[PDB]
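Visitor: give me a model of this one.
(4 chains)
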Amino acid sequence: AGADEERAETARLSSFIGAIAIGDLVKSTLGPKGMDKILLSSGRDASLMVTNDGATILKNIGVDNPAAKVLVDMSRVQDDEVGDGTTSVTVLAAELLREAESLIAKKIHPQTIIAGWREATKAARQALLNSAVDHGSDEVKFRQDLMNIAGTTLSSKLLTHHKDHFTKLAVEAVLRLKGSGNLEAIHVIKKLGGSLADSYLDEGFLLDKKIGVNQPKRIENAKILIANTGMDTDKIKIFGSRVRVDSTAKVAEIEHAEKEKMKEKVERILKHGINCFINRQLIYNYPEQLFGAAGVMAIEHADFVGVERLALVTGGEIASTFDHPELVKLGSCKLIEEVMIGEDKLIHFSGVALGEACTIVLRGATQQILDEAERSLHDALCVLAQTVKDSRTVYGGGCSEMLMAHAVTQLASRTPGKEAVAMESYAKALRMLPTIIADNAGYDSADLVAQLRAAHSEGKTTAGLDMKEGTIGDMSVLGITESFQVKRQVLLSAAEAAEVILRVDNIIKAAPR
Amino acid sequence: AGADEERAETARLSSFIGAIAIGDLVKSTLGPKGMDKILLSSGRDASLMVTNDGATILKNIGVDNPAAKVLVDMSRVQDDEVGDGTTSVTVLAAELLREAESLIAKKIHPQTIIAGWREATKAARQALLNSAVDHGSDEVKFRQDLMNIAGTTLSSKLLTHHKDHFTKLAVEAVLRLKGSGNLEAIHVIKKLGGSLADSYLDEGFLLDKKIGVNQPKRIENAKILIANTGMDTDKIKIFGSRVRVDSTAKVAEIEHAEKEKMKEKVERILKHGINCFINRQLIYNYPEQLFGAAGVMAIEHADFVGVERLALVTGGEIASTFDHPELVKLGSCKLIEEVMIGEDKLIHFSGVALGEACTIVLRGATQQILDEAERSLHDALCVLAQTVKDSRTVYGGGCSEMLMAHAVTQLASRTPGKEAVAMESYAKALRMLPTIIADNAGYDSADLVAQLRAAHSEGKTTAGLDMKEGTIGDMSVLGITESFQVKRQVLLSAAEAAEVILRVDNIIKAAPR
Amino acid sequence: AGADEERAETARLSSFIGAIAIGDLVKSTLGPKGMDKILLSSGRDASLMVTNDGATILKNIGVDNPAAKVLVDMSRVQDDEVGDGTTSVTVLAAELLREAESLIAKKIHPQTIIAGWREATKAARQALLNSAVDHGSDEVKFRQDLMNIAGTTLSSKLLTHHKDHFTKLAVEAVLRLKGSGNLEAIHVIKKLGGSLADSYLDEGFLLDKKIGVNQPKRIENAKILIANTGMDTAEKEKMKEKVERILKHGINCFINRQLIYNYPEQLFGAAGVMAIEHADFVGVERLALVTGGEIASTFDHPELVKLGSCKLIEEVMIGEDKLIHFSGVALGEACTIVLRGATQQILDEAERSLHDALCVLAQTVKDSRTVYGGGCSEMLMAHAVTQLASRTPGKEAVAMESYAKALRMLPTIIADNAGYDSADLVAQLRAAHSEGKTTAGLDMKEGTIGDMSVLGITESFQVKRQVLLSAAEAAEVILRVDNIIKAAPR
Amino acid sequence: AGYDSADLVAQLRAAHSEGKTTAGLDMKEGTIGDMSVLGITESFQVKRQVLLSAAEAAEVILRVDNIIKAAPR
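Guide: Residues are numbered from 1 along each chain as shown, chains lettered A, B, ... in the order given. Provided below are the atomic coordinates:
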């Protein structure tokens, strides 16, 4: 069935090309001095999407014929049990393939070489579980909450001039999310006003709708009403028949029936003291005139998702027919008002006693990269959870990579036979990472490699690559650390990908045609 | 059918090229150590489908102009008659065309050579009852039920690490199946949940449909109702016309008339205790409200194929108009449930009194590899069913092929003149199979051929090609066996397929299945 | 998968080219002898917008692929804080990039050069809290209300031949603006011509609509009626209700915000009542505050529930065009400004000018600080910065002095538009600033140097301090970073 | 030399500024070292004549118009 034919060495080549193409784009992304990339396509894509996080862009698309989709799909499984922090796993896998050209010189049995992958697992354990770094992050935790891993995730991202503070804010958001719930009732919007904080944390939920031009500006000792059924009244399931009347006099009684709907709403709305009404769907016009005189602010076509969160927030209510007010509904009473922030008008729900559900409103510099705030925030919410229950960490800035490289090099040379050739190639793979981090900063990588290796080799796991410095320094002071899970499965995932050649013996070649 | 008339040297070539193209690809798929092939195509494909079933891919696509699609189409009837075993029938048919080149030197009448096939019938018959094969197949049986041929079918298949276990399951399915009633009511469906079994055996039938959002969660002592005619009512023939009425009050009587259809359905449904209703077509909306309150689960647009199998299973029913309930309907009553299986919801019918028909359900990790279960599963049903009816089998792994080759070599000297070279050529064709099996093993092919021939000549039928060994071994211990008629039909089919190529000048299509 | 991706060597060029293109158009718009520029784009631009305010034109359009829109966007935050005065901040940033070609000679690490930016912050505030500028202007002010900065904003603008009188008026507008209303209720309309004064400043609201050809020319002891519901709706009875309550009141004028039914129109003409069809809602809301407010609902709306101001409502001829003037509001909270000219293309420019007038005065009062314009600050700061490069050792000094030489061009840029010899101007300017006189600056009319203060040209303190911080704004960041093109939708 | 230029320029200027005439560029080192130990010295005349000569020769370039002659090579 069809066939772009490749076999033996050509089949190997497609794997080779896929790894190199992805390595260059992800290469600039790594580290506090990483680079943002904008990708533009056509059809079902809106504007140019720029994503700092490498995993998000790979998940979204499958651009071309060469094979790489299954390897890419792997990063997401990693993400579920840990994932992010900073991207790095994809880069290491690609460099494995470069030595394959050298394999041609041996010319016969690559399967024998495959023994190196078993060998690689030793590196995963020798580098890890010796020399203790950290251990707590138990729950809530008063000071440990942030100002460590979240900062590192953001450092790669451009926004860190003021956004390092924003990342700190995110843990407070995760702590309330902590508990019985899964991953719900979190809402984020950015604003064009300028402040040092650059963001506000809201006690309640943020909405943006208005009753109309008329009605009081704000309410005091506010009561909140939510209705499932619309304010619209007329036809019913069965009309009670079409109606014909012998003159304009009796048609008027129908109008009178309408007045009754108006009056019921005001008479006991007053009793509650109703200050605000929120309805999801179309709102009937008659009540609008009445609300303004009463001094009650209502919201037309409020989004349902905001409503469900709001119910958990105010103790909720049972929403049914107009009987819904008074006791059946519970309303929080701190402060509800429409206020101006910077240059625009929004409505704030706040002062909720329960406290489980909260809304965050971001403020920004006023750059397109401001849009990045939804992008950066989403990443922030789930980075911390991984830190909390992993309870294990490793030194960042390539500290781990140089150390492991030193250990693997000894293993290859020390052995005598064909055993040495296979193992040595795996060992040089770790060397490129030091190179990737130094080049991005603005310092030539040649000088950096020589000086870098000497500090890690001696035995200081704390020392790493300092880009601001241009040389080498203490990673721990910086506060950059990587989750323990990311290191154990990056090595395992890369190895089984090349394990597949081992698993399948012979590989005859191409298609029945 | 418009022309393209080709004769003798070129006409022969179109078939000759078709046979050589197919033979090399099918060649890699034989034996316990088969090779997976990936196919890439554009337009309504989507991705690479990895099939190691020599017949599944050939059926799926009719890629080009040359004649071979009908030859290929024929192998499926063979599957009906005896099944796949391991693909080999296509290979033997292709190889007799190879000596056609030798025949150009002969330079007389190609048709005269065609006589060798008349003798080929003798060769087919001599092979028959001289092989000395297995015995037993008593019925049901304790430990000879499987862990044999199904494993062999799957040995070449990638899924063997997990599927060897569920290949084992297939024979349990055949044992219940056997009796008087032909091959009917066997259904199996894939699932995306993961478990160390990869399959569940259902005592009843699996569907995948739901009544609607409302209705009781579970039914006990369930009764089954099947209706030929739809719930929908209105047009008929001799319409009664399209209507207008004198007061729009009489339109109401029409509405009332609909209610009568609803009432008949509820009044007699209640007496039975009706727990589930299955209809093969569109369902009218009014009854839907009724079923939920009653405590009855109904199925909208149930597929007819599922229903017929179910009827045999339940004990059947006489399907007519709404009079259909009570006695005219027979309903089994063990357990009908909608059961969540790790994720995707489905409906399970089970506990059938008859026992004649059953359904098999598959589970797995969730990847391209897990989807091969669908691929492997189709193969499993056919292999075992054939094993019971034939009551005869042959030794696999090439054991059958070498023995026959020794006998045919003698024959060429025996036959007169022109016949002798053609008969001789047929004999050497069998030689390639031993070579093909050895080469994929990773062992030197030349050494294998000589050693193989010596053991078959000796008289041990059990001895054959052992790929893991790299030499010749005992096939019976391995458990590789082929059904008796697979070899019996291939010899006759290859002979009648090869002859047609030289004899008919004008090809293309139209006729039987 | 991509688009135009640039880094280090080529990335710098994109920033470099954007800066040079902007500087030539902006330079011509500086101080007293600035030149007006016109840009026209065929799609969704409607008309030729003539802007002499540099910030307004850059914000409106993202013309092409090179990066500059984000740099431009920053100036608006400055506008909110203070903004304009005279545009000059953009020019300083552009010249910073010019020295970078020289930097390739170094062929080394751009980051080391970056230490200059930190140095710049030190340099930036030594121009601050040094060299005293002005006093007072805390609030309102009788004499000090204008005859100062507003004229300077106008100096760049040609209209100042008689415009400067107009700008004097604007501070009065801002003082009434102050209060709990924040930023609202200011309306400006220009009239074709016929007067030396060139503006009147209405205490009330100015409107432009007519009931129809018929109706009394003038109304006396006018009463105003505002209705939420339109006249549009047995028909005769509706006519009756409108007349029965109208006569007792003495109803002089009716204003309705929407469509008006034809039947009442005939009644109003005979009655002697002037009504306005489809009056804009924005005028009405402001008008209600002005009159004293009314309760607008159903036809019950007349008499007591509705309050009407009573000085005078009439349709008046202003030099030519027919208009309706609402005036005589005792409350005093809201006012409207009307401008007059001589029927000139340049007159349209007055519409441009008033909106910007509110912005300068509002922030000039809050900062309570100013700087000397005409490039006075630039040479002084340049003199101070040249010494600073020497103070810093080896590697730092070459880069620090390049920043210092950048300041040198500003004196030259002001001189060049004058028509005077650029070479001579640079040498003479430096000597006066070096000496220690802060009030001394570039006098374009003189062709040499003069006293800036006598002219009345001053620049807001806020623009100079913020610009120095933004004298950086990632110039430093741009070579340590790679991707920043951006806005221009899908 | 084959060493990074950026590090070299920064460090070189500090050494000379301090007051050691001996300190200079050491290419073999990759950093700045003591030139005097190396034994590298330049004749005194070459430095005094060049400064006087360069300026005078450069000066003729500006005040001289049309310096024509032969073909490119």
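Visitor: show me the contacts for the closest residue to residue A:479 other than its chain neighbours.
Guide: In this structure, residue A:479 finds its nearest non-sequential neighbour in residue A:148, 5.0 Å apart by CB to CB, 6 or more residues apart in numbering or on different chains. The way it works is simple: take the backbone N, C-alpha and C, and place the C-beta from them, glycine included. Residue A:148 makes contacts with A:387, A:479, A:481, as judged by CB atoms under 8 Å, 6 or more residues apart in numbering or on different chains.
Visitor: how about the residues of chain A near chain C?
Guide: When proximity is defined by CB under 8 Å from any CB of the partner chain, chain A lies next to chain C at A:28, A:33, A:35-41, A:45-48, A:50, A:63, A:158, A:194, A:213, A:340, A:343, A:366-369, A:441-443, A:470.
Visitor: swap the cut-off to 7 Å and go again
Guide: Chain A comes close to chain C at residues A:28, A:33, A:35-40, A:46-47, A:63, A:158, A:194, A:366-368, A:442-443, as judged by CB under 7 Å from any CB of the partner chain.
Visitor: after the helix ranked longest in chain A comes which helix or strand?
Guide: Identified as the longest helix of chain A according to DSSP state H is helix A:248-272. The helix or strand immediately downstream of helix A:248-272 is strand A:276-279, counting by DSSP states H and E.
Visitor: run the angle between the helix or strand that that next one is followed by and helix A:248-272 for me.
Guide: Of the helices and strands lying after strand A:276-279 in sequence (DSSP H and E), the nearest is helix A:286-294. For helix A:286-294 against helix A:248-272, the angle by axes from the mean of the first three to the mean of the last three CA atoms, to 10 degrees is 50 degrees.
Visitor: which SSE is immediately downstream of helix A:286-294?
Guide: strand A:297-299.
Visitor: how far away from the center of its chain is that following strand?
Guide: Strand A:297-299 has its C-alpha centroid displaced from the chain centroid by 33 Å (CA atoms, centre = their mean, to the nearest Å).
Visitor: and for stretch A:168-175?
Guide: 14 Å.
Visitor: out of the contacts of residue A:148, which are buried?
Guide: Buried by 16 or more other CB atoms under 10 Å in any protein chain shown: A:387, A:481, out of the contacts of residue A:148.
Visitor: stretch A:113-127 and chain B, are they touching?
Guide: No: judged by CB under 7 Å from any CB, stretch A:113-127 stays clear of chain B, getting no closer than 14.0 Å.
Visitor: give the buried residues for that stretch.
Guide: Buried residues in stretch A:113-127, counted by 16+ other CB under 10 Å: A:113, A:114, A:116, A:117, A:119, A:120, A:123, A:124, A:127.
Visitor: which of those fall in helices?
Guide: Cross-referencing the buried residues of stretch A:113-127 against helices under DSSP H gives A:113, A:116, A:117, A:119, A:120, A:123, A:124, A:127.
Visitor: who's in contact with the fifth one?
Guide: By CB atoms under 7 Å, 6 or more residues apart in numbering or on different chains, residue A:120 lies in contact with A:426, A:491, A:495.
Visitor: on the three-state scheme, the closest residue to residue A:155 other than its chain neighbours is what?
Guide: Of all residues not flanking residue A:155 in the chain, residue A:32 sits nearest, at 3.4 Å (CB to CB, 6+ apart). Of the three states, residue A:32 takes coil according to DSSP: H, G, I helix; E, B strand; the rest coil.
Visitor: number of residues surrounding residue A:32?
Guide: For residue A:32, the neighbour count with other CB atoms under 10 Å in any protein chain shown is 23.
Visitor: ok, now residue A:324?
Guide: Neighbours of residue A:324 using other CB under 10 Å come to 16.
Visitor: who's the closest residue to it other than its chain neighbours bridged to?
Guide: Nearest residue to residue A:324, sequence neighbours excluded (CB to CB, 6+ apart): residue A:227, at 5.8 Å. Beta-bridge pairing for residue A:227 (DSSP bridges): residue A:279.
Visitor: picking up where we left off before, and which of the contacts of residue A:148 is nearest chain B?
Guide: The shortest approach to chain B among these belongs to residue A:387, at 27.8 Å (CB to the nearest CB).
Visitor: just checking, the closest one touches residue A:149?
Guide: Yes: Residue A:387 is within contact range of residue A:149, at 5.1 Å (criterion: CB atoms under 7 Å).
Visitor: report the contact partners of the closest residue to chain C within the stretch 401-513 of chain A.
Guide: Nearest to chain C, among the residues of the stretch 401-513 of chain A, is residue A:442, at 5.0 Å (CB to the nearest CB). Contact analysis of residue A:442 by CB under 7 Å, 6+ apart lists C:109, C:110, C:111, C:480.
Visitor: what's the closest of those to chain D?
Guide: Set against chain D, the nearest of these by CB to the nearest CB is residue C:109 (3.6 Å).
Visitor: and residue A:473, that's in a strand?
Guide: Yes: counting by three-state DSSP, residue A:473 is located in a strand.
Visitor: that one touches residue A:466, doesn't it?
Guide: Yes: with contact defined as CB under 7 Å, residue A:473 reaches residue A:466; the gap is 3.5 Å.
Visitor: overlap of the contact sets of the two?
Guide: Between them, residue A:473 and residue A:466 share no contacting residue under CB under 7 Å, 6+ apart.
Visitor: can you count the residues close to the closest residue to residue A:436 other than its chain neighbours?
Guide: Spatial nearest neighbour of residue A:436, chain neighbours left out: residue A:27 (5.4 Å); criterion: CB to CB, 6+ apart. By the measure other CB under 10 Å, the count of residues near residue A:27 is 20.
Visitor: how about residue A:238?
Guide: Around residue A:238 there are 8 other residues, counting by other CB under 10 Å.
Visitor: and it, which of the three is it?
Guide: coil.
Visitor: got the phi and psi for it?
Guide: Here is the backbone geometry of residue A:238 (degrees, to the nearest 10): phi -130, psi 110.
Visitor: do you know how far it is from chain C?
Guide: Note on residue A:238: its distance to chain C, by CB to the nearest CB, to the nearest Å, is 33 Å.
Visitor: number of nearby residues for residue A:445?
Guide: Around residue A:445 there are 17 residues (other CB under 10 Å).
Visitor: report the contact partners of it.
Guide: Contacts for residue A:445 (CB under 7 Å, 6+ apart) come out as A:435, A:438, A:439.
Visitor: any chance of these in JSON lines, plus neighbour count and secondary structure?
Guide: Shown next, in JSON lines, are the contacts of residue A:445 (neighbours: other CB atoms under 10 Å in any protein chain shown; DSSP: H, G, I helix; E, B strand; the rest coil):
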{"residue": "A:435", "neighbour count": "17", "secondary structure": "helix"}
{"residue": "A:438", "neighbour count": "27", "secondary structure": "helix"}
{"residue": "A:439", "neighbour count": "17", "secondary structure": "helix"}
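Visitor: what about the closest residue to residue A:196 other than its chain neighbours, neighbour count?
Guide: Once flanking residues are discounted, residue A:196 sits nearest to residue A:162: 7.7 Å by CB to CB, 6+ apart. Neighbourhood size, residue A:162 [other CB under 10 Å]: 14.
Visitor: so residue A:162 touches residue A:198, yeah?
Guide: Yes: with contact defined as CB under 7 Å, residue A:162 reaches residue A:198; the gap is 5.2 Å.
Visitor: residue A:7 against residue A:506, yeah?
Guide: No: counting by CB under 7 Å, residue A:7 does not reach residue A:506; the two are 11.8 Å apart.
Visitor: work out for me the element whatever residue of the stretch 1-150 of chain A ends up closest to chain C sits within.
Guide: The stretch 1-150 of chain A approaches chain C most closely through residue A:35 (4.4 Å), counting by CB to the nearest CB. Element membership for residue A:35, per DSSP H and E: none, as it lies in no helix or strand.
Visitor: related to what we said a few turns ago, what's the neighbour count on the residue nearest to residue A:324?
Guide: Around residue A:227 there are 21 residues (other CB under 10 Å).
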